[PDB]
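**Q** Structure: query-v9.pdb, PDB, C-alpha atoms.
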```pdb
MODEL        1
ATOM      1  CA  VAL X   1      82.362  -4.675 -96.055  1.00  0.00           C
ATOM      2  CA  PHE X   2      83.223  -2.641 -99.150  1.00  0.00           C
ATOM      3  CA  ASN X   3      86.898  -1.717 -98.698  1.00  0.00           C
ATOM      4  CA  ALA X   4      88.058  -4.771 -96.727  1.00  0.00           C
ATOM      5  CA  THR X   5      91.479  -6.023 -97.791  1.00  0.00           C
ATOM      6  CA  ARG X   6      90.254  -9.549 -98.601  1.00  0.00           C
ATOM      7  CA  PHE X   7      86.681 -10.807 -98.839  1.00  0.00           C
ATOM      8  CA  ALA X   8      85.804 -14.363 -97.879  1.00  0.00           C
ATOM      9  CA  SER X   9      85.087 -16.997-100.504  1.00  0.00           C
ATOM     10  CA  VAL X  10      81.550 -17.633-101.709  1.00  0.00           C
ATOM     11  CA  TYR X  11      81.993 -21.189-100.403  1.00  0.00           C
ATOM     12  CA  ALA X  12      82.230 -19.753 -96.871  1.00  0.00           C
ATOM     13  CA  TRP X  13      80.897 -16.197 -97.134  1.00  0.00           C
ATOM     14  CA  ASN X  14      81.349 -13.923 -94.131  1.00  0.00           C
ATOM     15  CA  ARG X  15      78.170 -12.986 -92.253  1.00  0.00           C
ATOM     16  CA  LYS X  16      78.527  -9.307 -91.332  1.00  0.00           C
ATOM     17  CA  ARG X  17      76.203  -7.659 -88.804  1.00  0.00           C
ATOM     18  CA  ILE X  18      75.587  -3.925 -89.274  1.00  0.00           C
ATOM     19  CA  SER X  19      73.768  -2.234 -86.395  1.00  0.00           C
ATOM     20  CA  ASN X  20      73.972   0.774 -84.076  1.00  0.00           C
ATOM     21  CA  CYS X  21      75.529   2.869 -86.836  1.00  0.00           C
ATOM     22  CA  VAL X  22      74.643   5.434 -89.490  1.00  0.00           C
ATOM     23  CA  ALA X  23      74.320   3.892 -92.960  1.00  0.00           C
ATOM     24  CA  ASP X  24      75.493   6.339 -95.646  1.00  0.00           C
ATOM     25  CA  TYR X  25      75.597   4.867 -99.159  1.00  0.00           C
ATOM     26  CA  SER X  26      76.018   8.259-100.856  1.00  0.00           C
ATOM     27  CA  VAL X  27      79.746   7.479-101.102  1.00  0.00           C
ATOM     28  CA  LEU X  28      78.963   5.246-104.089  1.00  0.00           C
ATOM     29  CA  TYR X  29      77.367   8.170-105.950  1.00  0.00           C
ATOM     30  CA  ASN X  30      79.867  10.654-104.472  1.00  0.00           C
ATOM     31  CA  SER X  31      82.787   8.825-106.127  1.00  0.00           C
ATOM     32  CA  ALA X  32      83.180   6.418-109.036  1.00  0.00           C
ATOM     33  CA  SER X  33      84.209   3.239-107.212  1.00  0.00           C
ATOM     34  CA  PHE X  34      81.957   0.354-108.282  1.00  0.00           C
ATOM     35  CA  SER X  35      81.057  -0.318-111.908  1.00  0.00           C
ATOM     36  CA  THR X  36      77.870  -2.298-111.182  1.00  0.00           C
ATOM     37  CA  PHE X  37      75.243  -1.158-108.667  1.00  0.00           C
ATOM     38  CA  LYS X  38      71.588  -2.205-108.624  1.00  0.00           C
ATOM     39  CA  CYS X  39      68.677  -2.673-106.226  1.00  0.00           C
ATOM     40  CA  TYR X  40      65.590  -4.893-106.393  1.00  0.00           C
ATOM     41  CA  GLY X  41      63.386  -4.305-103.332  1.00  0.00           C
ATOM     42  CA  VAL X  42      64.285  -0.631-102.854  1.00  0.00           C
ATOM     43  CA  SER X  43      65.623   2.386-104.758  1.00  0.00           C
ATOM     44  CA  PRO X  44      69.373   3.037-105.066  1.00  0.00           C
ATOM     45  CA  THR X  45      68.977   6.721-104.148  1.00  0.00           C
ATOM     46  CA  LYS X  46      66.392   6.263-101.364  1.00  0.00           C
ATOM     47  CA  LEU X  47      68.601   4.046 -99.182  1.00  0.00           C
ATOM     48  CA  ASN X  48      69.697   7.059 -97.126  1.00  0.00           C
ATOM     49  CA  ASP X  49      66.227   8.641 -97.103  1.00  0.00           C
ATOM     50  CA  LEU X  50      64.609   5.477 -95.716  1.00  0.00           C
ATOM     51  CA  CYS X  51      66.012   4.028 -92.491  1.00  0.00           C
ATOM     52  CA  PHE X  52      66.019   0.278 -91.860  1.00  0.00           C
ATOM     53  CA  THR X  53      66.020  -1.738 -88.640  1.00  0.00           C
ATOM     54  CA  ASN X  54      68.705  -4.428 -89.032  1.00  0.00           C
ATOM     55  CA  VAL X  55      71.054  -4.326 -92.036  1.00  0.00           C
ATOM     56  CA  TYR X  56      73.179  -7.359 -92.913  1.00  0.00           C
ATOM     57  CA  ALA X  57      75.957  -7.511 -95.506  1.00  0.00           C
ATOM     58  CA  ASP X  58      77.150 -10.600 -97.388  1.00  0.00           C
ATOM     59  CA  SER X  59      80.606 -10.466 -98.998  1.00  0.00           C
ATOM     60  CA  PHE X  60      81.775 -12.984-101.597  1.00  0.00           C
ATOM     61  CA  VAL X  61      83.724 -13.151-104.857  1.00  0.00           C
ATOM     62  CA  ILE X  62      82.562 -15.014-107.973  1.00  0.00           C
ATOM     63  CA  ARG X  63      83.392 -15.200-111.663  1.00  0.00           C
ATOM     64  CA  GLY X  64      82.256 -12.361-113.897  1.00  0.00           C
ATOM     65  CA  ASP X  65      79.893 -14.584-115.876  1.00  0.00           C
ATOM     66  CA  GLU X  66      78.373 -15.707-112.550  1.00  0.00           C
ATOM     67  CA  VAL X  67      77.324 -12.168-111.567  1.00  0.00           C
ATOM     68  CA  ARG X  68      74.303 -12.151-113.889  1.00  0.00           C
ATOM     69  CA  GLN X  69      72.817 -15.059-111.902  1.00  0.00           C
ATOM     70  CA  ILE X  70      73.121 -13.268-108.533  1.00  0.00           C
ATOM     71  CA  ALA X  71      69.525 -12.133-108.010  1.00  0.00           C
ATOM     72  CA  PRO X  72      66.284 -13.350-106.384  1.00  0.00           C
ATOM     73  CA  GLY X  73      65.028 -16.582-107.913  1.00  0.00           C
ATOM     74  CA  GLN X  74      68.156 -17.149-109.998  1.00  0.00           C
ATOM     75  CA  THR X  75      69.564 -20.611-110.688  1.00  0.00           C
ATOM     76  CA  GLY X  76      72.953 -21.940-111.700  1.00  0.00           C
ATOM     77  CA  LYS X  77      76.144 -23.434-110.331  1.00  0.00           C
ATOM     78  CA  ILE X  78      76.464 -20.547-107.825  1.00  0.00           C
ATOM     79  CA  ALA X  79      72.893 -19.602-106.899  1.00  0.00           C
ATOM     80  CA  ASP X  80      71.754 -23.131-106.021  1.00  0.00           C
ATOM     81  CA  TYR X  81      74.938 -24.562-104.456  1.00  0.00           C
ATOM     82  CA  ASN X  82      76.934 -22.111-102.320  1.00  0.00           C
ATOM     83  CA  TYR X  83      75.015 -18.815-102.029  1.00  0.00           C
ATOM     84  CA  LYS X  84      71.289 -18.368-102.680  1.00  0.00           C
ATOM     85  CA  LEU X  85      68.940 -15.389-102.435  1.00  0.00           C
ATOM     86  CA  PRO X  86      65.300 -15.672-101.280  1.00  0.00           C
ATOM     87  CA  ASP X  87      62.674 -15.245-103.974  1.00  0.00           C
ATOM     88  CA  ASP X  88      61.079 -12.449-101.920  1.00  0.00           C
ATOM     89  CA  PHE X  89      64.533 -11.066-101.072  1.00  0.00           C
ATOM     90  CA  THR X  90      64.550  -7.344-100.260  1.00  0.00           C
ATOM     91  CA  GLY X  91      67.954  -5.752-100.730  1.00  0.00           C
ATOM     92  CA  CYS X  92      70.613  -4.557-103.143  1.00  0.00           C
ATOM     93  CA  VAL X  93      73.430  -6.253-105.059  1.00  0.00           C
ATOM     94  CA  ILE X  94      76.804  -4.525-105.439  1.00  0.00           C
ATOM     95  CA  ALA X  95      79.600  -5.642-107.758  1.00  0.00           C
ATOM     96  CA  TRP X  96      82.862  -4.116-108.959  1.00  0.00           C
ATOM     97  CA  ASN X  97      86.087  -5.152-110.684  1.00  0.00           C
TER      98      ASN X  97
ATOM     99  CA  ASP P   1      55.427   1.565-140.732  1.00  0.00           C
ATOM    100  CA  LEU P   2      54.502   4.040-137.988  1.00  0.00           C
ATOM    101  CA  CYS P   3      55.098   7.679-138.928  1.00  0.00           C
ATOM    102  CA  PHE P   4      55.805  10.196-136.172  1.00  0.00           C
ATOM    103  CA  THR P   5      54.849  13.851-135.779  1.00  0.00           C
ATOM    104  CA  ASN P   6      58.162  15.446-134.734  1.00  0.00           C
ATOM    105  CA  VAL P   7      61.452  13.578-134.290  1.00  0.00           C
ATOM    106  CA  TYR P   8      64.277  14.891-132.098  1.00  0.00           C
ATOM    107  CA  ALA P   9      67.634  13.106-131.876  1.00  0.00           C
ATOM    108  CA  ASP P  10      69.859  13.529-128.806  1.00  0.00           C
ATOM    109  CA  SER P  11      73.465  12.609-129.628  1.00  0.00           C
ATOM    110  CA  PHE P  12      75.893  12.162-126.739  1.00  0.00           C
ATOM    111  CA  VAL P  13      78.954  10.118-125.789  1.00  0.00           C
ATOM    112  CA  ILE P  14      79.280   8.391-122.410  1.00  0.00           C
ATOM    113  CA  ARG P  15      81.551   5.859-120.745  1.00  0.00           C
ATOM    114  CA  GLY P  16      81.443   2.313-122.066  1.00  0.00           C
ATOM    115  CA  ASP P  17      79.872   0.896-118.905  1.00  0.00           C
ATOM    116  CA  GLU P  18      77.211   3.644-118.761  1.00  0.00           C
ATOM    117  CA  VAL P  19      75.375   2.553-121.928  1.00  0.00           C
ATOM    118  CA  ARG P  20      73.380  -0.158-120.139  1.00  0.00           C
ATOM    119  CA  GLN P  21      71.985   2.532-117.806  1.00  0.00           C
ATOM    120  CA  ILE P  22      70.568   4.666-120.652  1.00  0.00           C
ATOM    121  CA  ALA P  23      66.882   3.714-120.763  1.00  0.00           C
ATOM    122  CA  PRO P  24      63.544   4.727-119.192  1.00  0.00           C
ATOM    123  CA  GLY P  25      63.487   4.004-115.473  1.00  0.00           C
ATOM    124  CA  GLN P  26      67.150   2.994-115.276  1.00  0.00           C
ATOM    125  CA  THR P  27      69.472   4.275-112.553  1.00  0.00           C
ATOM    126  CA  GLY P  28      73.056   5.447-112.764  1.00  0.00           C
ATOM    127  CA  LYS P  29      75.379   8.418-112.678  1.00  0.00           C
ATOM    128  CA  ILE P  30      74.449   9.866-116.073  1.00  0.00           C
ATOM    129  CA  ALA P  31      70.856   8.620-115.934  1.00  0.00           C
ATOM    130  CA  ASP P  32      70.155  10.061-112.484  1.00  0.00           C
ATOM    131  CA  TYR P  33      72.177  13.300-112.659  1.00  0.00           C
ATOM    132  CA  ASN P  34      73.264  14.399-116.138  1.00  0.00           C
ATOM    133  CA  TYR P  35      70.927  12.991-118.812  1.00  0.00           C
ATOM    134  CA  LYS P  36      67.652  11.318-117.828  1.00  0.00           C
ATOM    135  CA  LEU P  37      64.933   9.736-119.951  1.00  0.00           C
ATOM    136  CA  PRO P  38      61.238  10.112-119.020  1.00  0.00           C
ATOM    137  CA  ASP P  39      59.800   7.068-117.274  1.00  0.00           C
ATOM    138  CA  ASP P  40      56.907   6.947-119.761  1.00  0.00           C
ATOM    139  CA  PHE P  41      59.261   7.846-122.625  1.00  0.00           C
ATOM    140  CA  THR P  42      58.344   6.456-126.051  1.00  0.00           C
ATOM    141  CA  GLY P  43      61.346   5.950-128.300  1.00  0.00           C
ATOM    142  CA  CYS P  44      64.426   3.898-129.106  1.00  0.00           C
ATOM    143  CA  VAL P  45      68.006   3.747-127.832  1.00  0.00           C
ATOM    144  CA  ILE P  46      70.885   3.229-130.275  1.00  0.00           C
ATOM    145  CA  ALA P  47      74.564   2.744-129.460  1.00  0.00           C
ATOM    146  CA  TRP P  48      77.699   1.505-131.207  1.00  0.00           C
ATOM    147  CA  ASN P  49      81.460   1.263-130.715  1.00  0.00           C
TER     148      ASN P  49
ATOM    149  CA  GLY U   1      51.289  -9.783-104.677  1.00  0.00           C
ATOM    150  CA  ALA U   2      53.213  -6.612-103.830  1.00  0.00           C
ATOM    151  CA  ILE U   3      56.344  -6.371-101.701  1.00  0.00           C
ATOM    152  CA  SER U   4      54.456  -4.415 -99.026  1.00  0.00           C
ATOM    153  CA  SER U   5      50.830  -3.490 -98.375  1.00  0.00           C
ATOM    154  CA  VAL U   6      51.657   0.144 -97.491  1.00  0.00           C
ATOM    155  CA  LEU U   7      51.792   2.718-100.284  1.00  0.00           C
ATOM    156  CA  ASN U   8      54.115   4.942 -98.244  1.00  0.00           C
ATOM    157  CA  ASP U   9      56.642   2.114 -97.877  1.00  0.00           C
ATOM    158  CA  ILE U  10      56.616   1.514-101.642  1.00  0.00           C
ATOM    159  CA  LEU U  11      57.055   5.229-102.329  1.00  0.00           C
ATOM    160  CA  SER U  12      59.959   5.477 -99.870  1.00  0.00           C
ATOM    161  CA  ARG U  13      61.568   2.232-101.120  1.00  0.00           C
ATOM    162  CA  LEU U  14      61.311   1.876-104.905  1.00  0.00           C
ATOM    163  CA  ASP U  15      61.978   4.217-107.806  1.00  0.00           C
ATOM    164  CA  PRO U  16      59.038   5.695-109.747  1.00  0.00           C
ATOM    165  CA  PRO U  17      59.111   2.847-112.301  1.00  0.00           C
ATOM    166  CA  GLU U  18      59.131  -0.063-109.827  1.00  0.00           C
ATOM    167  CA  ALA U  19      57.109   1.856-107.238  1.00  0.00           C
ATOM    168  CA  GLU U  20      54.470   2.331-109.936  1.00  0.00           C
ATOM    169  CA  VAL U  21      54.404  -1.417-110.649  1.00  0.00           C
ATOM    170  CA  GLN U  22      53.999  -2.258-106.961  1.00  0.00           C
ATOM    171  CA  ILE U  23      51.315   0.408-106.514  1.00  0.00           C
ATOM    172  CA  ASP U  24      49.572  -0.942-109.619  1.00  0.00           C
ATOM    173  CA  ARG U  25      49.505  -4.421-108.084  1.00  0.00           C
ATOM    174  CA  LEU U  26      48.131  -3.007-104.826  1.00  0.00           C
ATOM    175  CA  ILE U  27      45.526  -0.959-106.706  1.00  0.00           C
ATOM    176  CA  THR U  28      44.448  -4.008-108.707  1.00  0.00           C
ATOM    177  CA  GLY U  29      44.021  -6.085-105.559  1.00  0.00           C
ATOM    178  CA  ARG U  30      42.228  -3.384-103.574  1.00  0.00           C
ATOM    179  CA  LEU U  31      39.999  -2.509-106.538  1.00  0.00           C
ATOM    180  CA  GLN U  32      39.016  -6.152-106.976  1.00  0.00           C
ATOM    181  CA  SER U  33      38.224  -6.294-103.257  1.00  0.00           C
ATOM    182  CA  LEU U  34      36.190  -3.076-103.444  1.00  0.00           C
ATOM    183  CA  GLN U  35      34.303  -4.247-106.539  1.00  0.00           C
ATOM    184  CA  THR U  36      33.427  -7.520-104.812  1.00  0.00           C
ATOM    185  CA  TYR U  37      32.341  -5.572-101.722  1.00  0.00           C
ATOM    186  CA  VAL U  38      30.182  -3.244-103.825  1.00  0.00           C
ATOM    187  CA  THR U  39      28.574  -6.132-105.719  1.00  0.00           C
ATOM    188  CA  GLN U  40      27.774  -7.995-102.499  1.00  0.00           C
ATOM    189  CA  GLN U  41      26.455  -4.793-100.910  1.00  0.00           C
ATOM    190  CA  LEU U  42      24.237  -4.196-103.949  1.00  0.00           C
ATOM    191  CA  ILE U  43      22.892  -7.746-103.669  1.00  0.00           C
ATOM    192  CA  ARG U  44      22.204  -7.192 -99.967  1.00  0.00           C
ATOM    193  CA  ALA U  45      20.559  -3.882-100.880  1.00  0.00           C
ATOM    194  CA  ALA U  46      18.298  -5.673-103.363  1.00  0.00           C
ATOM    195  CA  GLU U  47      17.350  -8.124-100.617  1.00  0.00           C
ATOM    196  CA  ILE U  48      16.704  -5.223 -98.225  1.00  0.00           C
ATOM    197  CA  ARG U  49      14.597  -3.500-100.893  1.00  0.00           C
TER     198      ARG U  49
ATOM    199  CA  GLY R   1      46.977 -15.371-120.257  1.00  0.00           C
ATOM    200  CA  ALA R   2      49.598 -17.635-118.679  1.00  0.00           C
ATOM    201  CA  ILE R   3      52.034 -19.903-120.500  1.00  0.00           C
ATOM    202  CA  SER R   4      50.174 -22.989-119.250  1.00  0.00           C
ATOM    203  CA  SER R   5      46.990 -23.801-117.346  1.00  0.00           C
ATOM    204  CA  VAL R   6      48.649 -26.402-115.068  1.00  0.00           C
ATOM    205  CA  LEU R   7      50.545 -25.278-111.974  1.00  0.00           C
ATOM    206  CA  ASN R   8      52.744 -28.389-112.017  1.00  0.00           C
ATOM    207  CA  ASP R   9      53.747 -27.814-115.651  1.00  0.00           C
ATOM    208  CA  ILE R  10      54.714 -24.207-114.881  1.00  0.00           C
ATOM    209  CA  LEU R  11      56.715 -25.279-111.829  1.00  0.00           C
ATOM    210  CA  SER R  12      58.560 -27.984-113.773  1.00  0.00           C
ATOM    211  CA  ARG R  13      59.245 -25.902-116.888  1.00  0.00           C
ATOM    212  CA  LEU R  14      59.781 -22.393-115.493  1.00  0.00           C
ATOM    213  CA  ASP R  15      62.238 -21.117-112.907  1.00  0.00           C
ATOM    214  CA  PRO R  16      60.936 -19.983-109.497  1.00  0.00           C
ATOM    215  CA  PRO R  17      60.780 -16.293-110.485  1.00  0.00           C
ATOM    216  CA  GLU R  18      58.936 -16.704-113.799  1.00  0.00           C
ATOM    217  CA  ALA R  19      56.952 -19.625-112.376  1.00  0.00           C
ATOM    218  CA  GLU R  20      55.744 -17.287-109.626  1.00  0.00           C
ATOM    219  CA  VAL R  21      54.585 -14.711-112.189  1.00  0.00           C
ATOM    220  CA  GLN R  22      52.751 -17.337-114.242  1.00  0.00           C
ATOM    221  CA  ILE R  23      51.155 -18.836-111.119  1.00  0.00           C
ATOM    222  CA  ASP R  24      50.086 -15.343-110.062  1.00  0.00           C
ATOM    223  CA  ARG R  25      48.439 -14.855-113.459  1.00  0.00           C
ATOM    224  CA  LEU R  26      46.656 -18.205-113.150  1.00  0.00           C
ATOM    225  CA  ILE R  27      45.521 -17.373-109.612  1.00  0.00           C
ATOM    226  CA  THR R  28      44.250 -13.969-110.733  1.00  0.00           C
ATOM    227  CA  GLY R  29      42.266 -15.451-113.608  1.00  0.00           C
ATOM    228  CA  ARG R  30      40.822 -18.201-111.423  1.00  0.00           C
ATOM    229  CA  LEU R  31      39.927 -15.558-108.834  1.00  0.00           C
ATOM    230  CA  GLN R  32      37.882 -13.562-111.331  1.00  0.00           C
ATOM    231  CA  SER R  33      36.362 -16.884-112.426  1.00  0.00           C
ATOM    232  CA  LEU R  34      35.318 -17.602-108.833  1.00  0.00           C
ATOM    233  CA  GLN R  35      34.053 -14.035-108.433  1.00  0.00           C
ATOM    234  CA  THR R  36      31.892 -14.344-111.556  1.00  0.00           C
ATOM    235  CA  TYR R  37      30.574 -17.715-110.384  1.00  0.00           C
ATOM    236  CA  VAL R  38      29.747 -16.316-106.941  1.00  0.00           C
ATOM    237  CA  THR R  39      28.058 -13.230-108.398  1.00  0.00           C
ATOM    238  CA  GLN R  40      25.930 -15.369-110.716  1.00  0.00           C
ATOM    239  CA  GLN R  41      25.051 -17.729-107.860  1.00  0.00           C
ATOM    240  CA  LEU R  42      24.105 -14.811-105.600  1.00  0.00           C
ATOM    241  CA  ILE R  43      21.923 -13.197-108.270  1.00  0.00           C
ATOM    242  CA  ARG R  44      20.181 -16.487-109.052  1.00  0.00           C
ATOM    243  CA  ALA R  45      19.772 -17.073-105.312  1.00  0.00           C
ATOM    244  CA  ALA R  46      18.155 -13.654-104.882  1.00  0.00           C
ATOM    245  CA  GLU R  47      15.765 -14.494-107.714  1.00  0.00           C
ATOM    246  CA  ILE R  48      15.043 -17.894-106.148  1.00  0.00           C
ATOM    247  CA  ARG R  49      14.520 -16.223-102.759  1.00  0.00           C
TER     248      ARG R  49
ENDMDL
END
```
Using structure tokens, write down the structure that the file contains.

**A**
Amino acid sequence: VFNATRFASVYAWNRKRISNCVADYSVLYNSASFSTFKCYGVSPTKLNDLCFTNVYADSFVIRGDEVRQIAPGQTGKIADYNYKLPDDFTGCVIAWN
Amino acid sequence: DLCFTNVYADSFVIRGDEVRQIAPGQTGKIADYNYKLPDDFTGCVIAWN
Amino acid sequence: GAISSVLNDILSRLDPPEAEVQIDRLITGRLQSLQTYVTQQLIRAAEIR
Amino acid sequence: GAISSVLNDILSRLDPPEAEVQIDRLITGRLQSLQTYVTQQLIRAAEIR
């Protein structure tokens, strides 16, 4: 999901199923890997404290200027055509160079 | 126009990409661990190259 | 209007800033409901009197 | 307190996220309007009873 050799295109973004495993996101704060890291429906530091039921990861690559429009309710040539997020979306968005 | 009682300036230098995380309620390495602003903090943030 | 109707879920999910906004929305809604309930109960109490 | 008093105008002009906030404001205001109307009607109905 994070360290895969090659992510799929946003045109056909891989649908990854994460289940029956321990989710530990402290690696992001335990090492400087990703420049951009933000959450909307939850807290970045409480992901490990709070346990979810079914976690799903979406991997895609877009232009740098197109990152700002990757969020719930956003519109543009990426949000409304290939990949869209629900307005009530609950999750986090991760980006790095 | 508004005159304050006591003014304290905190001068520090951080990584270029960490400036956007310096504000009340923001999250990040410096913000969460090293230097944190109060959530109800009243003040201004100034940065330059 | 909040993400969830449980205060514990908001506390365990969002940071103090956003958790406070969600809890404020929940408090506003529940307080409006309680004020309406109290007003209607006072009207019923006037009728009972 | 919203940008416009028409839901259709907000939907056409504003994006889904900001349109939702404005529609929530309009709904909230109209809800206190309905609450005031109902309270006045109930009080007048108690007097008429």

**Q** Quick one: distance from CA of residue 4 (chain P) to CA of residue 35 (chain P) in Å, one decimal?

**A**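 Value for the CA of residue 4 (chain P)-CA of residue 35 (chain P) distance: 23.2 Å.
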
**Q** Please give chain R as a PDB file with C-alpha atoms, in the coordinates of the input, after it has been superposed on chain U by least squares over all Cα atoms paired in order.

**A**
```
ATOM      1  CA  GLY R   1      50.743  -9.738-104.440  1.00  0.00           C
ATOM      2  CA  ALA R   2      52.805  -6.572-103.987  1.00  0.00           C
ATOM      3  CA  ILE R   3      56.046  -6.229-102.045  1.00  0.00           C
ATOM      4  CA  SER R   4      54.279  -4.173 -99.362  1.00  0.00           C
ATOM      5  CA  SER R   5      50.744  -3.103 -98.481  1.00  0.00           C
ATOM      6  CA  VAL R   6      51.700   0.535 -97.737  1.00  0.00           C
ATOM      7  CA  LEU R   7      52.044   3.026-100.584  1.00  0.00           C
ATOM      8  CA  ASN R   8      54.480   5.178 -98.597  1.00  0.00           C
ATOM      9  CA  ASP R   9      56.752   2.203 -97.870  1.00  0.00           C
ATOM     10  CA  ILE R  10      56.837   1.283-101.570  1.00  0.00           C
ATOM     11  CA  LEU R  11      57.590   4.877-102.560  1.00  0.00           C
ATOM     12  CA  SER R  12      60.402   5.174-100.009  1.00  0.00           C
ATOM     13  CA  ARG R  13      61.976   1.772-100.687  1.00  0.00           C
ATOM     14  CA  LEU R  14      61.435   1.290-104.432  1.00  0.00           C
ATOM     15  CA  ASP R  15      62.470   3.447-107.370  1.00  0.00           C
ATOM     16  CA  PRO R  16      59.783   5.292-109.366  1.00  0.00           C
ATOM     17  CA  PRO R  17      59.533   2.579-112.048  1.00  0.00           C
ATOM     18  CA  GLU R  18      59.227  -0.436-109.732  1.00  0.00           C
ATOM     19  CA  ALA R  19      57.257   1.643-107.224  1.00  0.00           C
ATOM     20  CA  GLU R  20      54.754   2.368-109.998  1.00  0.00           C
ATOM     21  CA  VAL R  21      54.368  -1.350-110.757  1.00  0.00           C
ATOM     22  CA  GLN R  22      53.871  -2.215-107.086  1.00  0.00           C
ATOM     23  CA  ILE R  23      51.387   0.643-106.625  1.00  0.00           C
ATOM     24  CA  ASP R  24      49.525  -0.557-109.716  1.00  0.00           C
ATOM     25  CA  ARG R  25      49.309  -4.039-108.192  1.00  0.00           C
ATOM     26  CA  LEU R  26      48.021  -2.597-104.913  1.00  0.00           C
ATOM     27  CA  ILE R  27      45.476  -0.447-106.757  1.00  0.00           C
ATOM     28  CA  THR R  28      44.305  -3.437-108.793  1.00  0.00           C
ATOM     29  CA  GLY R  29      43.842  -5.593-105.705  1.00  0.00           C
ATOM     30  CA  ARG R  30      42.038  -2.827-103.831  1.00  0.00           C
ATOM     31  CA  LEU R  31      39.842  -2.299-106.895  1.00  0.00           C
ATOM     32  CA  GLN R  32      38.703  -5.919-106.912  1.00  0.00           C
ATOM     33  CA  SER R  33      38.206  -5.563-103.147  1.00  0.00           C
ATOM     34  CA  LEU R  34      35.932  -2.560-103.722  1.00  0.00           C
ATOM     35  CA  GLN R  35      34.142  -4.390-106.538  1.00  0.00           C
ATOM     36  CA  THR R  36      33.458  -7.390-104.291  1.00  0.00           C
ATOM     37  CA  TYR R  37      32.253  -5.101-101.500  1.00  0.00           C
ATOM     38  CA  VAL R  38      29.949  -3.229-103.884  1.00  0.00           C
ATOM     39  CA  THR R  39      28.575  -6.451-105.378  1.00  0.00           C
ATOM     40  CA  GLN R  40      27.850  -7.860-101.919  1.00  0.00           C
ATOM     41  CA  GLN R  41      26.240  -4.585-100.835  1.00  0.00           C
ATOM     42  CA  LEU R  42      24.090  -4.478-103.979  1.00  0.00           C
ATOM     43  CA  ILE R  43      22.948  -8.085-103.555  1.00  0.00           C
ATOM     44  CA  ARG R  44      22.121  -7.552 -99.881  1.00  0.00           C
ATOM     45  CA  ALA R  45      20.347  -4.318-100.826  1.00  0.00           C
ATOM     46  CA  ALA R  46      18.246  -6.147-103.420  1.00  0.00           C
ATOM     47  CA  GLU R  47      17.311  -8.706-100.771  1.00  0.00           C
ATOM     48  CA  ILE R  48      16.495  -5.914 -98.307  1.00  0.00           C
ATOM     49  CA  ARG R  49      14.451  -4.138-100.994  1.00  0.00           C
TER      50      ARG R  49
END
```

**Q** Place a sphere of radius 12 Å on (82.3, 1.7, -121.1) in the file coordinates and name every protein, DNA or RNA residue with an atom inside or on its surface, counting only C-alpha atoms; give the answer as a PyMOL selection string.

**A** (chain X and resi 35-36) or (chain P and resi 13-21+47-49)

**Q** Up to 9 Å from chain U, what residues of chain P turn up? Count only C-alpha atoms and give them as a list in words.

**A** residues 24, 25, 26, 27, 39 and 40 of chain P

**Q** Enclose all atoms of region 10-14 of chain R listed in the file in an axis-aligned box, grow every side by 6 Å, and hand back centre and edge lengths in Å to one decimal, as AutoDock Vina command-line options.

**A**
```
--center_x 57.2 --center_y -25.2 --center_z -114.4 --size_x 17.1 --size_y 17.6 --size_z 17.1
```

**Q** Would you work out the distance separating CA of residue 60 (chain X) from CA of residue 3 (chain U), expressed in Å to one decimal?

**A**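 CA of residue 3 (chain U) lies 26.3 Å from CA of residue 60 (chain X).
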
**Q** Pull out every residue that the ChimeraX specification (/R :<8) & /X matches in the shown coordinates and put them as a list in words.

**A**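 With the ChimeraX specification (/R :<8) & /X on this model, the match is residues 72, 73, 74, 75 and 87 of chain X.
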
**Q** Starting from the incomplete input, reconstruct N, CA and C atoms of region 36-45 of chain X and write that as a JSON list (two decimals), in the coordinates of the input.

**A**
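See result_10.json below for the written result:
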```json
[["chain", "number", "residue", "atom", "x", "y", "z"],
["X", 36, "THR", "N", 79.22, -1.76, -111.19],
["X", 36, "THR", "CA", 77.87, -2.30, -111.18],
["X", 36, "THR", "C", 77.22, -2.01, -109.84],
["X", 37, "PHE", "N", 76.01, -1.46, -109.87],
["X", 37, "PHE", "CA", 75.24, -1.16, -108.67],
["X", 37, "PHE", "C", 73.76, -1.19, -109.02],
["X", 38, "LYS", "N", 73.00, -2.04, -108.33],
["X", 38, "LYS", "CA", 71.59, -2.20, -108.62],
["X", 38, "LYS", "C", 70.85, -2.60, -107.35],
["X", 39, "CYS", "N", 69.55, -2.31, -107.33],
["X", 39, "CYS", "CA", 68.68, -2.67, -106.23],
["X", 39, "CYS", "C", 67.40, -3.29, -106.78],
["X", 40, "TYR", "N", 66.80, -4.19, -105.98],
["X", 40, "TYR", "CA", 65.59, -4.89, -106.39],
["X", 40, "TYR", "C", 64.40, -4.49, -105.53],
["X", 41, "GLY", "N", 64.49, -4.63, -104.21],
["X", 41, "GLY", "CA", 63.39, -4.30, -103.33],
["X", 41, "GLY", "C", 63.28, -2.86, -102.93],
["X", 42, "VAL", "N", 64.29, -2.04, -103.22],
["X", 42, "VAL", "CA", 64.28, -0.63, -102.85],
["X", 42, "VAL", "C", 64.97, 0.18, -103.95],
["X", 43, "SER", "N", 65.01, 1.51, -103.77],
["X", 43, "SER", "CA", 65.62, 2.39, -104.76],
["X", 43, "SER", "C", 67.08, 2.68, -104.39],
["X", 44, "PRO", "N", 67.96, 2.76, -105.39],
["X", 44, "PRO", "CA", 69.37, 3.04, -105.07],
["X", 44, "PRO", "C", 69.58, 4.37, -104.36],
["X", 45, "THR", "N", 68.79, 5.39, -104.70],
["X", 45, "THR", "CA", 68.98, 6.72, -104.15],
["X", 45, "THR", "C", 68.18, 6.96, -102.87]]
```
